[PDB]
Structures are given as structure tokens and as C-alpha cells.
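Summary of structural features
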Amino acid sequence: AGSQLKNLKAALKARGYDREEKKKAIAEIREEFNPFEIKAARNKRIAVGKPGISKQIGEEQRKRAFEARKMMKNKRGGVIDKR
Amino acid sequence: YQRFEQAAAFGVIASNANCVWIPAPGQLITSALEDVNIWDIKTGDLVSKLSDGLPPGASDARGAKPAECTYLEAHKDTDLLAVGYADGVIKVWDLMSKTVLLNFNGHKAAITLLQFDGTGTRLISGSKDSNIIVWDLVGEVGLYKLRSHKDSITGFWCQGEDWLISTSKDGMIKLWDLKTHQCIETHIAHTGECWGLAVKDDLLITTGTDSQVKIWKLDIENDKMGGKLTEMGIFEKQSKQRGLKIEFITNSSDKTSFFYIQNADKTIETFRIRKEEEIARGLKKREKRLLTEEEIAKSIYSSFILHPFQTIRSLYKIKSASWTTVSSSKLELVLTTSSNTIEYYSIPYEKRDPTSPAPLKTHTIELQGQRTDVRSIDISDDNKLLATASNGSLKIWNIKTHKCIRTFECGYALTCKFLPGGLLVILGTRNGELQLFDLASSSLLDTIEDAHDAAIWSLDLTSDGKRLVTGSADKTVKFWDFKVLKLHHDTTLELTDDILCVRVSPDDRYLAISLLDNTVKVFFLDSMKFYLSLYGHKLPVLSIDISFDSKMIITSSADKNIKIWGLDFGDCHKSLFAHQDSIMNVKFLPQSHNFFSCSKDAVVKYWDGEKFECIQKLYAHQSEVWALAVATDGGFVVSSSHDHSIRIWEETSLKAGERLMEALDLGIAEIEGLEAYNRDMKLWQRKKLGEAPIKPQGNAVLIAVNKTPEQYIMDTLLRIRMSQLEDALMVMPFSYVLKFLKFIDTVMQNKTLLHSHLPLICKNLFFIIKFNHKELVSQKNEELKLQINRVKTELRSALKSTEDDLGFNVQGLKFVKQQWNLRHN
Amino acid sequence: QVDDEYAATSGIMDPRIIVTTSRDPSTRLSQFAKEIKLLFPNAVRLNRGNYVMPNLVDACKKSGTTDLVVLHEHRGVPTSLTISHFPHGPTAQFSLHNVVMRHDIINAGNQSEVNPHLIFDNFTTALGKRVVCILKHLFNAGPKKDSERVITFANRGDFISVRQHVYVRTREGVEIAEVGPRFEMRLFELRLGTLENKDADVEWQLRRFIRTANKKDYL
Amino acid sequence: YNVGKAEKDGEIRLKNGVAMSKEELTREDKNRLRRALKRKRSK
Amino acid sequence: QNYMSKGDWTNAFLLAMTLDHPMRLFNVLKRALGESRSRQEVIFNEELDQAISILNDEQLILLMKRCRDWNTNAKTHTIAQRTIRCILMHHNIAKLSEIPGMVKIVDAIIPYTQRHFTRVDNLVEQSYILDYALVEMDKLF
RNA sequence: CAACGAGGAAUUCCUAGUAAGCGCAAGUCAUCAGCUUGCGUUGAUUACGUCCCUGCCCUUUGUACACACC
């Protein structure tokens, strides 16, 4: 049907010296008109995943794990916190 | 959020509009800003303030200035008020129930006159855009729009249904035939503008820019083009300014007529027009010395038929007037002046002498106003209110009744404050003077002459009130104590520059002073220590405010933005740009970090000090908001402005081819219906006249567009385009081709629209029969055969008739050129 | 600037592009090829089945098409694209790595089909200028300056991120939205003749197995 | 011969061959013709 | 304006000529010509073409300039031809030639009249399909 | 005393050596063998019109030189 550009101009005419309304409206139209960072399946009788956010957290997790192992790698001491 | 709203507005009695008078002297309807208030001249109490049912500041109030009322007008007998506003709308109210009956937007700019006509049911309206519209009240409809003036309607005069006559802000007076709504006769009245119009039936009177008042004779039953309205002579006035309202009366009990010309400044020139007996018995006296010269003298009439009268003056500049009369010794004239005040004068006249060297006002309603803009507003704990003016009119209004109960005379006073026990007012004036007043006793406790060398600009009490600070344009601030109830100057801090705002903290801690040199300085009161210098505002800087915790200050200026400063280190937080003219004042709430700022562009604005949003954008004033004051506890805020207003704020689709086909079918159906009607008429006129057909009523769309069917088909045949014309003619079948031939056969009898559409008729007809030639020559009907012969004869006669003069003009023009050549090549 | 086998018809003439699949394509590759033919304008799609590549190349370069995009898959997921410029010009062949397509995700409407704007981010080397020229002479020369679709070829360490966006320009900035397929393509081979032969001289191809392979970009 | 512009600045001659005079034409048609030649002077 | 409303085309014509209001002049000439085709030596009404017959040199040179740039249409050309014809048959031809400026106008509008003569003559030429269709319709029996 | 006899709602692609059937080879610095790319064999039905619907685009001085149309 109608274009994403036409719907985007309609969404901007919809949303229209306050700041937080513009922060909210801009974040809303960005996460609405960005469809390639969700994943949608087809219901055989729909947003089923958030690929980039899941990827970002899965790789930041192992990034801090890798830096922790690189910090541990040639240590021999350690504080023993019994508190 | 617990938002704000407007509780009540007051302080205005007469605003930028006219006034209508109602008989019982009598009462008076006049304008406050955007709402109309009725007053009884006898006592002067505000008996009605007819206002819009929606409070300005509510949820559905729209984001602009409210429409200022600009013309009052009243229907007396059927009891209506037609009022008109500055956007162009006209609200008609019944004065019994005070609701809005009629809304009549219509115009595009502010409106300048109303008039009821034929006393009820018709209202004519002239506006600052040059249209003048007639409205019916039984149909709620703009009937007619008289549209030929060029600048702005300054006056008109109508009689019912036939003649209107208007004059506008160009030099032009116009007379309008209201049957055809075309302008009939136009003159240039005055060489600049034309501001006045009045007429008692024979003579018409107009005035323009400067003192030249022109008498005209309108002869309504004239027949010549120029001469329905002729000019009969000019005269002079005493005012060299714009006379801008003229109005007539016929006093009874002999019969006599009086008219006034109000002026721009301060003065109404009244005139008695005389009667025909003294016209006849005064003609000979200037016809003395006995005739070409005497005829020139008799032609050069105004001073003859018009007689000046008692020139009524006033204290202030005059905005509007209207009168009443009895006995010719009670010319009783109400007058609304610009500095808000109405005045009821009355001149007597013993029918030969006006019995006074100068007329006398019998009433004056001026108590609920100020005569100037309120340069400083203040409030009590919660009960009373303080308004400070330039004439001297300090006034102590009260919140719970909106009435000034106490008023004094100070001078050009720009700042004031209360005293912390109540019932006591400190004030500073624009010269080197300070003054003290109270509430129970009379005006002056004491004044201090030479309180400062130059203009004082801002003072502030301490929170206990015993010690106040005055900063003035003599580049000094001074401190004063209260000794026992008198003022004790003890110390004075001279700066390098003109201090123009002071403030202390609400806990006796800081003294923040705003200099003319684009900065503020924060001092310690206990040391004169020079704590901080806040800098970077980039124009001279107006009102400061310190928060309740004494941590956060605001800083307003003429840079159209307010800056938030943290007072612990003097570090800026925001620099938020409000208010596109100039923020005059800015004030916190009592207990919160929310604040208000009123500005020089007719708007107050509600902000928070944490997210720095704009909480609300309040839009009730009309002009420069000079001051605002917040309640000490609770937090309702008053704001007072340049439009003499003081207001409270509290909490809450076919195509070508088928278009031509349906046009052809209805057109030829009408055509042969009328031809059958004509055959019926000839048979019932050639036979026994006992019967005939009843009536073919003409077609709905044909009488709706006012066209003969040949013209209707001709313009839709025009309105198809040349690219799809050969398709529009190819789509239609042969029955529509036959009725197209009937259409062409009828249209080349009306030889007017044959000759104006010859190549179109030729192109369409020749394509039609060229495309349908195989079927056309197989039709067997002598009616169509005679039809084709008739179309052929008339069409070829028209075409040879136009190429005859084409060939004539070719040979004649080349003869002209050739005889010029053989003359002088 | 425009190099020696594109300079004859740089901005004189609009291009003409064929988009075609590998051989007996899967349905997601056919959807992908439709997305590529309405990614860039004056491109049409041709159903490759039982087409030989020499007479396909010969029929294209005597019909007058400027260039050819051949798409290769792996079980739906497209893996390669070869761009062959026909007047005895170059073939740049790329692998495609992170492909997300709008036919997979969302009926978000229809596309825009305007002559787009083009962004090229840090193609600094001469091989970068070469691949910029071969990627942008399959677009229409001289769009309107208020055209509201842009596409982007951004180099991110020899992985050209390829996206398409539409935009309006609002009061405080510019608001973007993502249309069409996102990629990271990477050039594994250039050569200087057409697609028919593989006897053409190679201008560049990546050396995967040298021991100084991962030290530099556009190696 | 062809229809050029007007020879004085009190009238205009359109390419059509019809002409208006500045004073004679109505202000609605003056706005319309100003807008029209603005577009014709914009393309 | 009053004359143009109420009818009365002769004094309307001379006021439009005095004020030099060219669109109003085209309208008064077109309206008077159309009503001249309606009713019934004389081509306008007699009062108006006498009013054309009694105008002086600079008035008829601006009238023929108006006729010049009306003749460039194929639509507004008939009004121009009727006005040119009444000027030609009501004025003196030696006067019309020796008026200064009346050759840069008539040389401008000889070829446009020749163009229109060719077009209307071809319209008369292709107007004989009606005559051919009539001879077929009479051969039908 | 489990599934299943050509697969619902919806949805995607497709115009001549094309859709589809069929096998045989290769495995070419990226990708691929849970497959990928070649190669031949057999080979159609239906559009090839239209802007009516859905959209996308272009223009709204004719300019470019006649004739013609506007």
C-alpha cells in the first residue's frame, strides 16, 4: 500500500519551548519506523524478537568476560574479603 | 499537574472600542477587553459584565490572543446586542439571558462598524478589510458582500433595501444599489483618508484628515450617473486632527437637528443645523450690496446652513461618544475617553444662548480604573492588592470583590511594596522621591523628597520588613530602616553603573542587584561582601528572583530569554529562550521551584525549575504585561498590563465522452420537450381551444446554472480538452451522434454563440460525421436529411461570412502599405 | 574521477541493468532479486533457467544493457553478487554476509523509486575509488536535489555496509527511516573482462592465505 | 511579428495577444497575474 | 463600469478608449459584435461604428495596436478583423497611410490575416463532407 | 488403543527456450558440501492491453525554427 515516506510525513504532521515531548516523539517514531531491528514471523492461525539488542547484550557480556579473564590471566594474589 | 486558570479580570471600564447608550440618566454598554460590561451612569456600579462562557486559560482555550472587542452596537426594542471583535467575528446576544445567539465570522480582519437595519432581522457590518457584508438574522447567513472599497470601512449609512452609502480609509465615498450589489457612484471625498459620515436625509456630511468638513447633497431620485450625490461646499473646524465620528439628531418639540464631530484629541465640536426659515431670511443679508459676484458669494453655503455650538472639551483623549436630547436644553452626551473613564456631560441651550461659557459634566465613572498603565502590582498576605500608576492613582483593590476600596495620589510611580503587617504601602517614584501610605488613614504618612538623585527603579523589603533596599538610576543603592513608622537612611552603596533592579533572598541572606551593565551582582547583606557576579546576558537585565531555599535565581532581560543560575557557585543551568519581545517580570511560586514570567508581548508563561519545560502558556492579555505578583501562601498569581487590565490566575468521477453524453441527453430532452410544447401551443391555437399540455417545467440543473441547453452543452463541449476530444467523440454511439446533430442544428439558429464557437463546432461536427459516415448515409429519414441540409447552409454561410472580411482586410491593409510605399519609399 | 573504461558515457546516458539469479533459484532468492531490481532504477529482472552465460552475455551486450547483477544463494539466504559491466568492462564480484530483507520482515508499504542520493563512506584507496565507480555507474545520473531517498555504501574494514533510507528534514534535524535490504558485502574479486570467460586479467582479488593477510585493508 | 512584452509599464501584454492595463484590472486578477508571472519567472 | 454593466456599448467603448483599458475594450467590442450577429454596410451597431468613425489619430493608432495583438490569436481574431474592417471602411485611406506608425502595425498584421484566411478557407473546404453525405443520402433510394 | 491419501486462512514469485519435469558433472583464495555452482534433455498455459483499483514518477510558458494545434 502507501509508502513508508508518506506514512512518515503523516506521522510527523501527527506528532507536530518544551523538550521532553520532542524527545518522546522522536524516540517513538524512530523505534516505530525502524522495522529492521525487530523480527517478525507470520502467524499461521507479529514482533517475535529484537535481533540487534539481543546481539549487543550477548557480545557485551562476553566482552566483559574476556576483559575479566585478561585481568585474571597473570595474577597471583587477590584480596580475601571475608566480610 | 494542578494547572492554572483565570478567575476574574477587572481594572478596565472603557477600552479600545465604541459605546452604546441605553435609555432608563440611563445605562451604558461599553467594552472591556474581549468582554462587554454594562454600567448605570446614575451610581456607576458594574451591573453586568457579559463575557464568554469559557475562562481564558482553560483546557480548550486556543493558542493565541483572545479577540479584542472593537465594536458595540445595540438593537433597543427587540433587545439585542451585536458586538464585533478584532479577528472579524460578530457575536449577537440577547441582553435578557446574556447568551450568544449568533456567530457571524465572515470577515478577514477587525471590524469597524455594525448597524441594524429595518429595525430587526438585518445587520450590516464593515471591517478593516474593505468588504461590507449584509447578514440576515432569521437565516444566519451572509446575504450579500459589497466589495469595491480599497482600504478600510470608516462609515456607512443605509436605508432598508435599496441604497447604502459607505466611505472608507482611502479617499472614497461610494453609493451602493443593494438590488444589484454593484457600486453606482464613486467620488473622492478628501485627498487623504475619509474618516467621517453622517446624514440627515437632505444633507450628507463627511470629514477627512484635517478640519476640512464637506457637505454633500444626495438626491436619491436622480437618474444621471454622476449626480446621485453632489458636493455643495466645505468649511473648517478648530481641530487640525482627524475628525472621526459625526452623528445627528432631530430633537422634537419644534423640530431641530444637531450633529457632533468628535476629534482625535480631547475635543468634540458640536453644531446646530438651522432651519429653512432662517435660511430664507438669511439669504438676503449676504445677498446685500446690490450679480455674477453676488452669485459667486452665494455659491461660496456651509457657514450659512451650519451653526457652530458649544465646543465640549475633556481632560483626556477622546475615543467615542453618543448623546440623547430633550427640550433643546438637555443635549446630554456620554463620552468614553482613552485613559479608561466614561463621562456624562450635558450642555444646556435656551434655544438662542447655550447658557454657559463651557459645558458641564454631570457624571463621571472613573473609580475602577487607573488612567495609565499599571507599572507595579502587589498583593497582601492574601486579601488586598496594590496597583501603582503614573498619574498618582495608587489603588488598593481587594481580591474577594475586585473593587478599589482605597486610592491615593503619588506621582510617576513605578515600584511599590506592602509592609509585612499589612495595611501599609511603600512606593518609589520616577523622580527622586519615595512615599509611604497606609490603608485606614489618609494618604501620606511621609514622603521623602531627595530619596535619590535620579529615577528610582526597584525596591525590596526584607522578610521581616524592618529594612528595605532602594536601587535607582543615579548609580546608587540605599538602605533604609523603619524607626518609630519613618524611614532612616543609614548606608548607601554607589556603583559604577545605573542599578535597575534589586532583590533580597527570602531568608535575609543575599542581595542580588541587576545593573544596566548587562550583569547582576550578588552581595551578602551582612557584609556588603560581593559574593558573585553573574554575567553574559548581553542586554540590560530586568527582574531577578531568588528561590525559597535561597539556592536558585532567575534572571530576566530584554534579550528575550531568562537564565537560571545556581547561587552556590554562580554557575548557569539553563538559558531558555522564551518570549519574543522582552521579559518584564519573573517570579517564583511560594514553596516550589516553579515560576512565572510575564513579558512585553502580552503573555505570561508558567515554567518548572527541574525539567525546565514550559508548563503553561497563558494568553489572556492584549498588550505589554508590565507586572505580576504571586500570593505569599497558596499560590494564586495576579498579572497587570498596559491595556489597563488586572487579572487573577488560580489553580484548576466521469470523463470526457460520458460527461458530453449525459449533457447531450438532458439538453436534447429539454430541447425537444420545449419543441413539443410549442407544437402543442400551435395546435391549441389553430384548433378548438379547449385543451393543451399543462406545463413542461425547465430542468433543475439548467435553471440552477442559469443556462439555455445550447449554452450548457456548449460549455461542457468547451471544457473537454483537445487531447481527448477525438476520444470523447469516438466513445459516443450513433444515437448520441444523432442528438448531437440536433444540438448543432439548434445552435446555428442562435447566431450569437454560433459565431463565438465556429471552429469548435466545425471541428467536432466534421469529426463526428467523418467518423460515423458509414451509418449516417444509411439512415433513412427526411427529418435528418433536412437537418443536415440546414446545418450545412448555416455553417457554410457563417464561414464564408468570416472569410469575406478576412480577405477584405488582407487586400485593404496591403493597399494601405503599398500606397505608403509608393508615397515615400 | 571517472576512470578509463567508464569515461565515454559517464553522465551522457542512463544505465540499463539486468538482475538475474544463479540457476533454478529458491523463492527467497527470487524475492531478493526483485528487491535488487527495485533497489536500483532502470533495472529489470530476467528469469535465468536454462540460460548459458556466454550467450546471455552476448544477448545483453547486443541488446544494449549496461550491466548485469548475478545473484547466488545458500538455501534462501543470498550469498554473492557479481556486477559485470558489458562494453568489455569490469566484473566486481562480492559476497553478501548479513542480509535482512523487507519481504521477510514487514508489509511496511511500497518503496519510492526516485533517483536516489548516494553516500560513500571512507573509500580511501585507489581500489576504493575503483569500487565506488563500479558501484555508482549503475545509478541514474543527476537526481533532483529534493529527492527523499538516499542509499549508503559505507566501508567498515572491507565490509561495505549497504543500506537505503528515506527522509524528511524537520525543524530540529533530519528524521531517517530504513527501507530495503541491508548488507555487508565484501569484494573478493575484480577482473577486467566480462563474466563469460574467467580468462581475463585480474585487477584485484583477496589473498586469504598469505601470512600478512589480516594486517591491512583493501589488501 | 510576434507578441512581445508590453512597451510601457502601465499595461501587460500576454503571449496570447490579449492585454490588461494595470489600473483597469481588478485586485484579485492582479494577485492572480502576479502569482502567474512569478511562477513563469520561477521556472 | 456602469455602462459596461447596463449595456450601452458606444459610450462604454469611448470611455475604455479614453482610459486605455484594453481587456474592457476587448469585452465591449466582443459583446457588441455578438449582439450585432444576433440582431438581423454596418457591422457593429450604427452608433458605435460612428463612434469609431469619429476618433482621431493617436486613438486609432492605439486601437490598431490592440487589433494587432488580438490578431495573433486564432480565437480573438474575429473581433480584430471586424474592428479593422470598420476602420478601413469609415476612415480615409490616405489619412490611415500617412499617420506616423501605421506601417509597422499593418505589416505586422497582414501575415496573420493571411494565416487565418488559409485556415478558414480550409474549414470551408472540409465543410463539403456534409454535401457528400447528402448526395449519398439521396442515392439511398 | 500414534501419523498420513496432495495440505486452511493468508501469503510470495512469475511472461519464451520462460514456469515446470529430468538427470549428469564439478567443488576454482569469498560462500557452499545438512549444500553450492555449472551442464545439457523435455518444454508449455495465460497477459503482451490498461491506467479502472493500489501505488510510484513527471509536467503545468510550447520554445526548439517552420506547418499545424493550443
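Residues numbered from 1 in each chain as written, not as in the entry; some residues may be left out. Chains lettered and ligands numbered in written order. Part of a larger assembly, values for the part shown. Heavy atoms only, no water. Residues with missing side-chain atoms left out of burial classes, pairs and counts.

- Method of determination, as given in the entry header: cryo-EM; reported resolution: 8.6 Å.

1. Description of the overall build of chain B
- Summing up its helical and strand segments, chain B has twelve helices and 57 strands in all.
- Compactness check: chain B gives a C-alpha radius of gyration of 39 Å against a globular reference of 28 Å for 825 residues, more than 25% above the reference.
- The principal-axis extents of the C-alpha atoms in chain B amount to approximately 125 × 85 × 80 Å. (Helix = DSSP H or I, 4+ residues; strand = E, 2+ residues; numbered from the N terminus. Rg over C-alpha atoms; globule rule 2.2 N^0.38 Å.)

2. As for a negative patch on the surface
All names here are of chain B.
- Taken together, the side chains of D464, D507, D508, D526 and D549 define an acidic patch exposed on the protein surface.
- Tracing the backbone shows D508 in the loop between β43 (499-504) and β44 (510-515).
- When its relative accessible area of 36% is taken as the criterion, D508 is described as partly exposed. (Patch = residues over 30% accessible without salt bridge, like charges linked within 9 Å, V, L, I, M, F, W, Y side chains within 5 Å. Areas by Shrake-Rupley, 256 points an atom, 1.4 Å probe, with all protein chains shown as cover. Salt bridge = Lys/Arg side-chain N within 4 Å of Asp/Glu carboxyl O. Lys, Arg positive; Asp, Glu negative; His and termini not counted. Charge placed at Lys NZ, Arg CZ, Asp CG, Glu CD. Buried < 20%, exposed > 50% of the residue type's maximum accessible area, 1.4 Å probe, protein only.)

3. A word on the protein's contact with RNA strand F
- Inspection of the region around RNA strand F gives 46 residues, with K44(A), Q31(C), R48(C), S112(C) and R39(D) positioned closest.
- Counted by atom, the contact set of RNA strand F within 4 Å of the protein is 73% sugar and phosphate.
- A distance of 2.6 Å separates a sugar or linking oxygen of RNA strand F from a polar backbone atom of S112(C).
- At 2.4 Å from a phosphate oxygen of RNA strand F is found a side-chain nitrogen or oxygen belonging to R39(D).
- For the surface near RNA strand F, the elements supplying multiple residues, two or more each, are α1 (27-37), β3 (67-74) and β4 (77-85) of chain C, α1 (27-40) of chain D together with α8 (106-125) of chain E.
- Looking at side-chain class alone, the surface near RNA strand F contains eight nonpolar, 18 polar and 20 charged residues. (Near = heavy atom within 4 Å. Polar contact = N/O pair within 3.5 Å; in protein donor to acceptor, adjacent residues only side chain to side chain. Nonpolar A, V, L, I, M, F, W, Y, C, P; charged D, E, K, R; others polar.)

4. Details of the nonpolar core
- In terms of nonpolar packing, the biggest core is built from 51 residues, with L664(B), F743(B), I744(B), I761(B), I768(B), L795(B) and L799(B) touching the most fellow members.
- For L799(B), the contacting residues outside a window of four places in its chain are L758(B), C762(B), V120(E), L123(E) and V124(E). (Core = buried A, V, L, I, M, F, W, Y, C linked by side-chain atoms within 4.5 Å. Contact = heavy atoms within 4.5 Å.)

5. What about the pattern of salt bridges?
- All chains considered together, the criterion is met by 45 salt bridges over all chains.
- The salt bridge partner of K6(E) is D8(E), with a shortest N-O separation of 3.6 Å.
- Look at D8(E) and you get partly exposed, because its relative accessible area is 30%.
- Where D20(E) meets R66(E), a salt bridge forms, and the shortest distance between an N and an O atom there is 3.7 Å.
- A cluster of three or more residues bridged by salt bridges with shared partners is formed by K8(D), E11(D), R13(D), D20(E), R66(E) and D69(E).

6. Some thoughts on helix α10 (residues 758-771) of chain B
- With 14 residues, α10(B) should cover 20 Å at 1.5 Å per step; its first-to-last C-alpha distance of 20 Å lies within 8% of that length.
- Those residues of α10(B) that sit buried are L758(B), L760(B), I761(B), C762(B), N764(B), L765(B), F766(B), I768(B) and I769(B). (Expected span 1.5 Å × (residues − 1).)

7. So, the state of the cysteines
- Taken as a whole and judged by the stated rule, the model has zero disulfides over all chains.
- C183(B) takes part in no disulfide bond, and the closest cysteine sulfur to it belongs to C158(B), at a distance of 13 Å.
- The exposure class assigned to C183(B) is buried, which follows from its relative accessible area of 11%.
- Residue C86(E) stays outside any disulfide, its sulfur separated by 7.8 Å from that of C67(E), the closest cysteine. (Disulfide = S-S within 2.5 Å.)

8. Points about the packing of helix α12 (residues 782-824) of chain B against helix α6 (residues 77-90) of chain E
- Running from amino to carboxyl end, α12(B) crosses α6(E) at an angle of 55 degrees, the nearest separation of the two axes being 9 Å. By the angle between their axes, α12(B) is oblique relative to α6(E). Handedness of the α12(B)/α6(E) crossing: left-handed. On α6(E), the residues that touch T802(B), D805(B), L806(B), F808(B), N809(B), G812(B) and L813(B) of α12(B) are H77(E), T78(E), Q81(E), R82(E), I84(E), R85(E), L88(E) and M89(E).
- Considering only residue class, the contact of α12(B) with α6(E) consists of six nonpolar, six polar and three charged. (Axes fitted to C-alpha atoms, helices over the stretch in contact; angles between N-to-C directions. Parallel < 35°, antiparallel > 145°, perpendicular 65-115°, else oblique. Left-handed = near helix turned anticlockwise from the far one by under 90°.)

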